[PDB]
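Two versions of one and the same chain are coming, encoded as structure tokens; call them structure 1 and structure 2.
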Structure 1
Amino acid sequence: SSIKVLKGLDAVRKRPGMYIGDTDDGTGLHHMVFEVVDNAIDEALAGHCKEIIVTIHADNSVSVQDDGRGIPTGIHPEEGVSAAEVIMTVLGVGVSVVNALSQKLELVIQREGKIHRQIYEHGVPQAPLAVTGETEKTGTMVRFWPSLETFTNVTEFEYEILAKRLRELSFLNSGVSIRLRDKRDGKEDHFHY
């Protein structure tokens, strides 16, 4: 299972434009955010998520936080690791593509009364998903640092590109609240049809 996962991550890194879009003109870079957001939108479509928060951090990482069910955390029997880790690492291109093309990715899940956290580097988990505390909230937070071994030329997120797509998704999923926050300059928008 471990050997197949590393090979799948490698397949994405070998042909990244094919999975995420052009890696030099900023298309693929912004599609990384859109893939994560799309998973949060799917959680809204299923009737669980009401609010999505997208943050451009000061270090040009992006986080997406939802208030959905939380990715399942229990051990998946075939692989012997958390279901969350399987979803994050086994190949709508799937969040595993974003993980494969991220120098670092942080996952925080609130589910069944617990907070769970895991860190990845180039898709490789640094430790098993672990409990960090108790919570009465539910949801998923993914923060990723795009790999500059993949993304060239356009490496800094464009607020306006994200804002336009999130406004579209708020209109097309009326009822969902989407917040966009830029920690680089303090800009914020709230989209809620």
Structure 2
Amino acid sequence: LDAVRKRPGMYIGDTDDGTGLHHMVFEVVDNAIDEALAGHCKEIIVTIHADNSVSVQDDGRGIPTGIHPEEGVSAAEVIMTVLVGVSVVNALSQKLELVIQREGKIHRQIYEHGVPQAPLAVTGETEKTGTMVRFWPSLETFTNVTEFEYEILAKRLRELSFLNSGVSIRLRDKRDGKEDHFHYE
């Protein structure tokens, strides 16, 4: 990830005018939609938290957890730490929390500035499947516009709901209780 850390704006977009900040969300949403499309229920939930982190969840199969035979870490960690892709989001997040529900098990992992704090670990059992990422954008990178703007997210998620017409997209703002549900049929 050092190439991204060296020139963040070249990977994510302008880091002073809010452009790059919102692009962080959109990169994560792309992966969540892909995951949701491979499942039965086909819903993603985007939440803006009161600490100005964002989470994206899907109810798909869960991203793969097995050890990548070539890299020697979990496949989820390969996705998060190898090179725009969610690895860029991770590199530019002061914290990122990953939760994967798959094959009867809950898996969790924490990153700080793209560095895993421990290996992906089984933490419990579950009947559900899906993936959730919550990220706190790094305030060492993102300046001036540091808070998410509901309308910027809503506009883009609406476009995505029409293109991905089988996918339900919920947007929730925990700062003021604002919510939308984009679903085309």
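So that the term is clear: the rigid core is the largest set of C-alpha atoms that superpose within 1.5 Å between two forms. FYI, numbering is relative to structure 1, first residue = 1.
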| request: Select from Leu166, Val33, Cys49, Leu129 the only position whose Cα moves 2 Å or more between the two structures when the core is aligned. | output: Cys49
| request: Taking the rigid core as fixed, quantify in angstrom how much the C-alpha of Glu79 shifts between the two structures. | output: 2.4
| message | Given the rigid core as reference frame, how large is the C-alpha shift of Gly175 between the two structures? Answer in angstrom. | response | 1.2
